[PDB]
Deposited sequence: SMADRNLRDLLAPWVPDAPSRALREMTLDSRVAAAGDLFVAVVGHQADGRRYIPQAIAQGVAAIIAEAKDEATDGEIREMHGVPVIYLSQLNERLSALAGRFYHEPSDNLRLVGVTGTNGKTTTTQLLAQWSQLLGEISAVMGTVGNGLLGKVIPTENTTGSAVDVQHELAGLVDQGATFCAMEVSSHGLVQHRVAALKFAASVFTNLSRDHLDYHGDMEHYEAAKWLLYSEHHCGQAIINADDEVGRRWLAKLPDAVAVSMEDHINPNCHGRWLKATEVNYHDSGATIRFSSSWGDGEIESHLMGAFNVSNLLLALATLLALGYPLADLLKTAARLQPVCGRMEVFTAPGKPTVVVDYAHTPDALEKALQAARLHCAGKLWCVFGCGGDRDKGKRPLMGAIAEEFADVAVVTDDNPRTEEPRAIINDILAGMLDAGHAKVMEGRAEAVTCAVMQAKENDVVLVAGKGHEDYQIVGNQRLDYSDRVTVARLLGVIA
């Protein structure tokens, strides 16, 4: 790592200087480091150049705006200070070159959209690893090789992807936030593929701004959900993009690449997905629950087919795809009710989780849930009303009551129902889960909402050992 080589594409006469790490933060800038002095909202890092220098950085690259000409080389206290115009726009490319272009040294798939990025990225990482990749994720749950995810600037993005390349990753599925894209945080990444899940003359400006942004990126293969109105508008303008549909939105007149679910059977342990595609037809046994997870899986499949992974190998490994832990996570047992563990802890998330569960439910849908104590009370009646409408049996119990009188929380929930008398109340969460699971019929579905992956019940100040997954697994005669 050398200032001269680093800047060779832009500043021909930059001085030779060994460089350790690249940092935007003058406070951690250490001996031998490259300090990058950027102007943001309020903040001007050029202010902290003297401090960086005094802490012994080998060199500084700085915003040229109002101070200098693009590629102007100064020298302060023996330290080279090189000025660049539009540093925020160019920071991805600078960090890419610094970290040896990590997106050129693995297959990077970007996933964008309002919902399904976490699931779609986890399915991409899992499926590619089943076919022999060493796969990683970068996103909301964190960064890391599959199974070792550790819970943000253009520099941090390149540095983290370099770290994954260093650990042997050959494939990375990356959640791309709308805000990340607009702030040029992935501006110089070589995406092998770009996946659109869904969105939500204003619409004219919004679209113009996004089209310009994406015209500037290396998107690779575009994989677009054609069931989304905005998805279709972009497929209209991208003849090489892959159309993915589970609601009959493939227009065969276009002769583009396509993949569509022809029929879906939502059953007690998953979904049987029959599909047709320009690669061939097939049937997948998904162990994931709900319509949105069919969409997410079909997007992962279309992407991997577009990248050249053979259909027969993808079909052969589909049954090993797993849910995101505690996200619509199914537990089934010989002649026991189907039980789904989901983290849903808001009115909207509860409604979606119940609507998803219902598709798989031939009998009665049960909803076991509560609301957190010493937190906003507003959601309590709203989650009551949702459980009453979208389930057949509401079991209201405790969920981290903390210092709040547990029954007061249950009262607030019941107050949102038309017929509170129809709700089952049971305190002890473990007892309420047992009550549902032991009373439910064989073709009933019990949704245990609010905790998902969390392994604790906060009663008072005590963080007690408790897992919904473990309680459910133990009651069904299976292993969490």
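Annotation: deposited residues 1 to 4, 156 to 160, 210 to 216 are not represented by C-alpha coordinates in the model.
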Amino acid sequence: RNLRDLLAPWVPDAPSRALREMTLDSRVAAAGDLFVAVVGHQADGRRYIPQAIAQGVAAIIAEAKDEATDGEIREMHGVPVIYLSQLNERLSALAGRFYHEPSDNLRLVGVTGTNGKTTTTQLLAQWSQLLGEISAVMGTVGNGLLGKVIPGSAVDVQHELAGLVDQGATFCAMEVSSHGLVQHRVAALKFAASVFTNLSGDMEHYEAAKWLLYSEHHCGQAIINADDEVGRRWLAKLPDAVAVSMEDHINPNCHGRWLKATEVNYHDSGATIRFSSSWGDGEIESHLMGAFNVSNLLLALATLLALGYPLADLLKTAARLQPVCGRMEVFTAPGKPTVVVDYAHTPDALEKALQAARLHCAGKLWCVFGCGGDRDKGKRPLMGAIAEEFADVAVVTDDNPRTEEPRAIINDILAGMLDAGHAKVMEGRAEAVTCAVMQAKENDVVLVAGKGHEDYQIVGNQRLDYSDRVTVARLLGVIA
From here on, numbers count along this sequence of modelled residues.
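Superpose the two forms; the largest set of C-alphas matching within 1.5 Å is the rigid core.
Superposing each structure in 7 other deposited structures of this protein on the rigid core shows that the farther-lying of 120 to 128 and 386 to 394, by root-mean-square Cα distance, is 386 to 394.
Stretch comparison, 333 to 341 versus 221 to 229: after rigid core superposition, larger RMS CA deviation in 7 other deposited structures of this protein is found for 333 to 341.
Taking the PDB entry as given, 63 to 71 carries the higher mean Cα B factor of the two stretches 442 to 450 and 63 to 71. As the entry records it, the average C-alpha temperature factor is higher for 42 to 50, out of 42 to 50 and 421 to 429.
Residue-level inspection of the entry shows that, of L124, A353, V141, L106, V141 has the top Cα B-factor. Comparing the C-alpha B-factors of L299, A394, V340, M203 in the entry, the top value falls on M203. Annotation for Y214: CA B-factor lies in the highest third of the chain's modelled residues. The PDB entry assigns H345 a C-alpha temperature factor belonging to the middle third of its chain's modelled residues. When the modelled residues of the chain are ordered by their C-alpha B factor, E329 lands in the lowest third. When the CA B factors of the chain's modelled residues are split into thirds, the value for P252 lands in the highest one. For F390, the recorded CA temperature factor ranks within the middle third of the chain's modelled residues.
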